[PDB]
Every structure is written in C-alpha cells, then in structure tokens.
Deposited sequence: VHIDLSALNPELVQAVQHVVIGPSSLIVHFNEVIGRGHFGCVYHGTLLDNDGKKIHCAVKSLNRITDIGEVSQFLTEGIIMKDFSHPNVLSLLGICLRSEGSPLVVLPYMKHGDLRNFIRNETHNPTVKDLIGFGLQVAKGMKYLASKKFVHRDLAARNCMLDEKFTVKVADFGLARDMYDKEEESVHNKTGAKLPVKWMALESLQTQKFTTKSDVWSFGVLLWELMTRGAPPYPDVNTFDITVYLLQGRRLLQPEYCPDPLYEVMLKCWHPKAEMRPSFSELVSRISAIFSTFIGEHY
C-alpha cells in the first residue's frame, strides 16, 4: 500500500498525462516475459481512450517503497513521455495501484532483446542486417544525446526489437534494470572516475557493435571483471570478429579511443555506419 493522496499536488498534476487507471490495464502475472533485479516483465493488455485492446509489456517495480522512490518514479515517467523517436522505446504510461506495487506499461516488443535475437540459431540475419541494427541504435542514441540524455548502460541485451524488426534503445528511466556485469561495456574513464557522458555511451556503443558482429558473443570472456581497467590501460581491445568488415572494425576502435573528446559523436557514427551499410547487399529483416 502507498498513499497516492498525500504526495505533492503540483507534481501529481504534472504526472496525470502519464497515469493509467488500474481498471484500464490487465497484467498477466502467470506469463513472465523477462526477469530483472528490480522486477519482472509480464504480458499485459492495455485499453486506450477509445476502448481498443493493445498488447503491451508490463514491468513491476517491487522495492519502490518510500515517498522518495515513488516521487522519483513519477519524474522518470515524465522524462520518458517527452521522448518520441522510432529507435527509442516509448512509455505508454504508469499504473499506481491501490494495494499493490507500481507498474510500468511499455510497448510489447515481439522479438525481445537484440542479443537473444541475434544469438538464436533459428534467426539468420545477414551481415547487412546486423550493420542495420547497429545503425538503428546509433540513430536512437543521436536522438537521446541531442536531448542531453546519458544512457550509462548501452548493450545489446538492453535494446529491444519490434514486429517490423525496428530496434528500440530501451533500459532507461522506469525500464532501467539488470536483465536476464556492465563493467565490460564501460568507458575507460568511467571505470576510474564513475563519471558518465555521451562520449562514454559512444564507448558502450562500440562494444554493442562488436556484439552485433559476433551474434552476441560475451565480451572479454577470459578477462576477469576486476582487472578489465588494467587490460584496457595496456591498450588491449576486443579483437575483430570473424565476419566484421575492416571499415566497421575501424569504427569500433575509434569508439574505444582512451581520450573521450577524440571519440566520434553519434551524429558522426550515423553518417559513417550508413555509408558502410550502403556497400553491402541483401537483407532478411
């Protein structure tokens, strides 16, 4: 139980456009589609204002206990609503129950996370398809970066893939969670200082590209998490994947430049990757 009434009228009124009524949402607690640390993702059914059934994903957030966490939850709801972009996940809304825990209502992503999609043997993406997925991620990050938003957790498992094989940058705001660590996707300066910028997201994006070109191989499998900073300070980097073209491996290496100023912007990455994308032939997705 959490008291909706005695929160903060000015804040609560600012949230109203994000709020969903509990009557207007069905959550299928029997059908789990994802596991995080802060909560699981379920199949839900939303009813929009004209009364049409929309198939959605619903994340619970157990641990959102005190008024601080509940207030911060609403603010993240506000932030997410103001983002609109084809390669960025959108928030449908939030549902504060009378008795139960708060619920994050999200669009259903038919083909799940990008890492599990590429890892699955049933799926057969071409080299062009994989470059295309990376290009889509870059466009989302270009949008977020233009809104002065730092992700801090960009990785292939944290991007989702919809019915039309459109990649959505996900795992931010209310959808932030450890899904089923991030040290191996962190920029060298972030490992030492714990300070995150758009240029640290560029590093992480580089590793995400390596994930795509390996079809979801775990990075640095033989390097222990504690000595990763030392590995990178010796200049050691992820090797070129078997079916990764040279010009795209050059892109990855530029993302892993130790000085952050010298890394490309996401704007630059969209240009460079779309140029590389325009030399390949043949797409399954």
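Stretches of the deposited sequence absent from the structure, as judged by C-alpha coordinates, are 1, 182-194.
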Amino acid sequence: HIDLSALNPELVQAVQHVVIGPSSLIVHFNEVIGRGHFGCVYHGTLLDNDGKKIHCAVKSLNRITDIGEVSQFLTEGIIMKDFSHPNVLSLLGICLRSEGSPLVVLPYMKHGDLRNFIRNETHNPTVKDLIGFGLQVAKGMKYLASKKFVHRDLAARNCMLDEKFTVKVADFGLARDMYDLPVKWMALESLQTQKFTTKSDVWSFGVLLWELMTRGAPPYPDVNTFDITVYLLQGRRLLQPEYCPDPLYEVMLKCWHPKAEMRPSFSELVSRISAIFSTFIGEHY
From here on, numbers count along this sequence of modelled residues.
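Think of the rigid core as the biggest set of C-alphas that the two forms share within 1.5 Å after superposition.
Stretch 22-30 is the one, of 214-222 and 22-30, whose CA positions lie farther from the shown form in 6 other deposited structures of this protein once all structures are superposed by the rigid core.
The stretch that strays farther, by root mean square C-alpha distance over structures and residues in 6 other deposited structures of this protein after a rigid core fit, is 78-86, when 133-141 is set against 78-86. Compared with other entries of the same protein, residue 41 falls outside the group left without coordinates by a third of them; all model it where both flanks are modelled. Note: missing coordinates for residue 100 occur in a third or more of the other compared entries bracketing this position. The question of which stretch, 231-239 or 54-62, has the higher mean Cα B factor is settled in favour of 54-62. Stretches compared: 196-204, 96-104. Higher mean C-alpha B-factor in the entry: 96-104. In the deposited coordinates, the residue among 180, 153, 189, 113 with the greatest CA B-factor is 180. Compared with the other modelled residues of the chain, the Cα B-factor recorded for residue 258 ranks in the lowest third.
Sorting the modelled residues of the chain by their CA temperature factor places residue 211 in the lowest third. Residue 218: CA B factor in the lowest third of modelled residues in this chain (values from the PDB entry). In the deposited entry, the Cα temperature factor of residue 26 sits in the top third of values across the chain's modelled residues. In this PDB entry, residue 128 carries a Cα temperature factor that places it within the middle third of its chain's modelled residues.
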